[PDB]
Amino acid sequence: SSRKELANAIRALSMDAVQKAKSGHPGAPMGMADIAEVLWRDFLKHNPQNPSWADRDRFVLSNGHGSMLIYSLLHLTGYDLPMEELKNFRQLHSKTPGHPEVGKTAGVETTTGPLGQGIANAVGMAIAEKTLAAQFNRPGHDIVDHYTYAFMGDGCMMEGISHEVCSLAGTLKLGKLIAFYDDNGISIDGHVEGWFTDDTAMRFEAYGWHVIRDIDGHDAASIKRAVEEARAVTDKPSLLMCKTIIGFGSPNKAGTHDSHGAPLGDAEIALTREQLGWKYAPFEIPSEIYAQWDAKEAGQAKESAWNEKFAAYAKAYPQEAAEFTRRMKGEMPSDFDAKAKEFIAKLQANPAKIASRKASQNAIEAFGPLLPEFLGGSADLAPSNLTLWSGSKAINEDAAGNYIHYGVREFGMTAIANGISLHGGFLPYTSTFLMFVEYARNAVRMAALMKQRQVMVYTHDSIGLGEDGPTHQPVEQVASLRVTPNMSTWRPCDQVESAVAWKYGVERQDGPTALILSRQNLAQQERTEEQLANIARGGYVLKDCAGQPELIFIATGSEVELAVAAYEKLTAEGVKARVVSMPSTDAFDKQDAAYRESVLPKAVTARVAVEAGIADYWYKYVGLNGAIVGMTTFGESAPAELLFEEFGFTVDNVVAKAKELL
């Protein structure tokens, strides 16, 4: 068959699956089918029977609303995605959800839908490939060598995150990142020139990318030659600007915004079939077309050849081969747990009153030699977030390094680290002040939705940062992380809880972990061995009375000290009080019921929560008959000690509130 007929099979499946679901976006899949036919049949290195092959090329559909394009490609090339799933596009529990979801459908590399993040994830996959090749390849033993391809549309180019990630990709010279831009002149509001007039080619040359302009996106020969030129440029990422017609093939709706996001209609589909010359009924693909699209034979040959090369590598470099396999699987080193527990025990025995941001740097220093898979960075706040350790080597200086200077690009940083984690081989950690989790908020949600491991280090967590004032002092950000599904959030009260929280975050395989750290120094608390083990349960009894408590204080982070001092004052007056330290509400909520009742007994309703954060969160644990010493307003610019007094974080106010319940 001609290349056009093969590309028309993508068009037929896309328009028919959107029509059957009566929902979805036919436009982009029909406008990009010729580009995808060239990319997938002539260049993409993959094996449909093993979507986990370590050295496969990575493809990312950043304009994720065109999901029928990737489902058509996966079906046609031989992945495990049967025609029956294409007929159940957008239906309950099918393997073809409205936007592609990683882990759910074989062959899908990331979850897209939120514009801009797929090209960010692809920059992260290209950094991972480059860095893993630099760390493991040996001359004649290049076991890491694969490209990262991305499709993106006008919506991704308008979003600010495309500027963050493509600017940094130009700095880091990612020659194996090749992006195809669907330049079709249309967005949801209509013709884009009323709101989008950039000279995009000139903008990308300003980032140091190689750019190929004016590619006829409906001519296979033109597309093929552009891909060949881009693959020969090895020191700059490439942008291929492909001029396409949205909804290509539809006599009445091609080139209009009406083909973007609704079914074409049965009558228009009949006309489109005739204009394309596509003679097959819905969901019918002839044998001859499958034979030209299937990639099972070539896929097995390419992976077979790589397995022979990896076996030769393991005979000369056995230790490196075992590390490569452990890291690609995301397995922890077998001695890690033991060494981390010894370090934690040592800190409990040698108290230090230091900020938890410094305790965090001390844990990175202790774990660094044990976890070569670290790939960490900070958004231009290394000296304040304290993310460098003695072994950090920045990858703009040494390609085989383990640290990234991300620049002032929080959202791009977090979504790039999600691409690092999806690639395999690394354990990324990212960092900025806690307020600026608001710049990166949806990339944090996307790590939790895609169940990816990433440690997020957020320092300067409250009015305790002082003079910078209310634009930087967090109030309500912690509560927003705590109610995000699948997010783990730790607010440690001293250097020991900080080390426990870092251990929990590196061992968490199915989701991210945010550490909420202080700028100011925190006193260490004394613990028995039983209490030291309970820190990982998220909430635990830190101070107790003989007999049952009449009053319970619940505190976190820097406010644990205040609740211990109030406990000391009330116990001296004969009150039976208890202090519960709650570094993580999500780890506590997961404990068995008898554990949670032994910490927070249901019969004790006189409960006081103490935290320099928005008060309304704490009704979950104190109920309507308790009291909350928290913030209800924005902060103020002044020295931290004065702010804690101004906002009621004093021993006298805590005791007074507790006494009102007695």
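For every residue, the number given is its place in the sequence shown, counted from 1.
Novice: May I ask you to compare 158-166 and 284-292 by their mean CA B factor in the entry and name the higher one?
Specialist: Between 158-166 and 284-292, it is 284-292.
Novice: Averaging C-alpha B-factors over each stretch, which comes out higher, 269-277 or 403-411?
Specialist: Comparing averages over the C-alpha atoms only gives 269-277.
Novice: Of the options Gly103, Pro512, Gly78, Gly469, which has the highest CA B factor as deposited?
Specialist: Among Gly103, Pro512, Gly78, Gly469, the highest C-alpha B-factor in the entry belongs to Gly103.
Novice: Highest CA temperature factor in the entry: which of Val500, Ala572, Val580, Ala134?
Specialist: That would be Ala572.
Novice: Compared with the other modelled residues in the chain, in which third is the CA B-factor of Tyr567?
Specialist: Highest third.
Novice: Consider only the C-alpha atoms of the modelled residues in this chain, order them by B-factor as the entry records it, and name the third containing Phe89: lowest, middle or highest.
Specialist: As the PDB entry reports it, the C-alpha B-factor of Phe89 lands in the middle third of its chain.
Novice: Sort the modelled residues of this chain by their C-alpha B factor and say whether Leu44 lands in the lowest, middle or highest third.
Specialist: For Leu44, the deposited C-alpha B-factor lands in the middle third.
Novice: Based on the deposited C-alpha B factors for this chain, I'd like to know if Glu438 is in the lowest, middle or highest third.
Specialist: Lowest third - that is where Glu438 ends up once the chain's C-alpha B-factors are sorted.
Novice: By its CA B factor, does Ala627 count among the lowest, middle or highest third of the modelled residues in the chain?
Specialist: Its C-alpha B-factor belongs to the highest third of this chain's values.
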